[PDB]
Structure formats: C-alpha cells, structure tokens
Amino acid sequence: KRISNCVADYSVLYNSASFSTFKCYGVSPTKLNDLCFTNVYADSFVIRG
Amino acid sequence: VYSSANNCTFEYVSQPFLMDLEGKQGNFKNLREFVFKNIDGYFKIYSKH
Ligand SMILES: *[C@@H]1O[C@H](CO)[C@@H](O)[C@H](O)[C@H]1NC(C)=O
C-alpha cells in the first residue's frame, strides 16, 4: 500500500495506547511529522511472537 | 471492463457526480472537452462544461 494525494498526522496512530511493541529507525519518532517525504509504503503481514 | 488487477498503486476517488442513464436520439445540449497530458510522469487533466 502507498499513500498519495493525502495528508496525515501519525500522532493519532501513536496515542492509541494499545500497541505492544514499536520500532522505528532512521528518524526520531517525535520529529518525523514535520519532516516531509514523497511516498509511504505500508507492508502489513502476520507473524508469531 | 476488466477481469482482475495485480499488485498496484495510486488509487484515488474524486468528488461525486450525478448522471442520467437514459439515452435519446435528439440533438445535443452540452459540450465537454478534456485534455490529458503527461510531463515528467505527472498526469494532467483539464476540462470545462
Ligand atoms: C507490486 O507493485 C509494484 C509496483 O507498484 C511492482 O513493481 C511489483 O512487482 C508488485 N509485486 C508483485 C508481487 O506483483
């Protein structure tokens, strides 16, 4: 999946207080929203614990 | 119009538009023009009724 012609804040995708784990390298989690990119690829699948 | 679509990208939904599905044989009453361009991979649509 890829998003274009759209706009988003990932803050709502963070304040759910339900995700068990979270990992993001390359950019700080709190200063990625103001930084602007071109396209975002979403890669969803299942895996064991 | 098609059978199935493979892995793909760029799905966009525009504003809703109403039409009449009844076809007649009379004279025309409207004129619609469309211009489609492709510069540096960027799609352009120009129209006016
Ligand atoms: C997924 O889509 C990309 C283009 O958006 C394509 O290059 C790739 O081959 C696709 N993957 C599969 C498994 O078809």
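Its PDB record attributes the structure to cryo-EM, giving the resolution as 6.30 Å.

Under the PDB entry, the name given to chain B is Spike glycoprotein,Fibritin,Expression Tag, and the organism recorded is Severe acute respiratory syndrome coronavirus 2.

The PDB entry annotates chain A as Spike glycoprotein,Fibritin,Expression Tag of Severe acute respiratory syndrome coronavirus 2.

So what exactly am I meant to see when it comes to the packing of aromatic side chains here?
Applying the stated criterion across every chain yields a total of three aromatic pairs over all chains. The interplanar angle of 65° and the centroid separation of 6.1 Å between the aromatic rings of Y14(A) and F22(A) together place this pair among those described as edge-to-face. In this structure, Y14(A) and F22(A) share a single accessibility class: exposed. Summarising the aromatic geometry, the rings of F34(B) and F36(B) are spaced 6.3 Å apart at their centres and angled 10° between planes, so their arrangement reads as stacked. Residue classification places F34(B) among the partly exposed residues on the basis of a relative accessible area of 45%. Through successive ring pairs, a cluster of aromatic residues spans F34(B), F36(B) and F43(B).

Criteria and cut-off values
- Residues numbered from 1 in each chain as written, not as in the entry; some residues may be left out.
- Chains lettered and ligands numbered in written order.
- Part of a larger assembly, values for the part shown.
- Heavy atoms only, no water.
- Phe/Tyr/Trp six-rings, centres within 6.5 Å; stacked < 30°, edge-to-face > 60°.
- Buried < 20%, exposed > 50% of the residue type's maximum accessible area, 1.4 Å probe, protein only.

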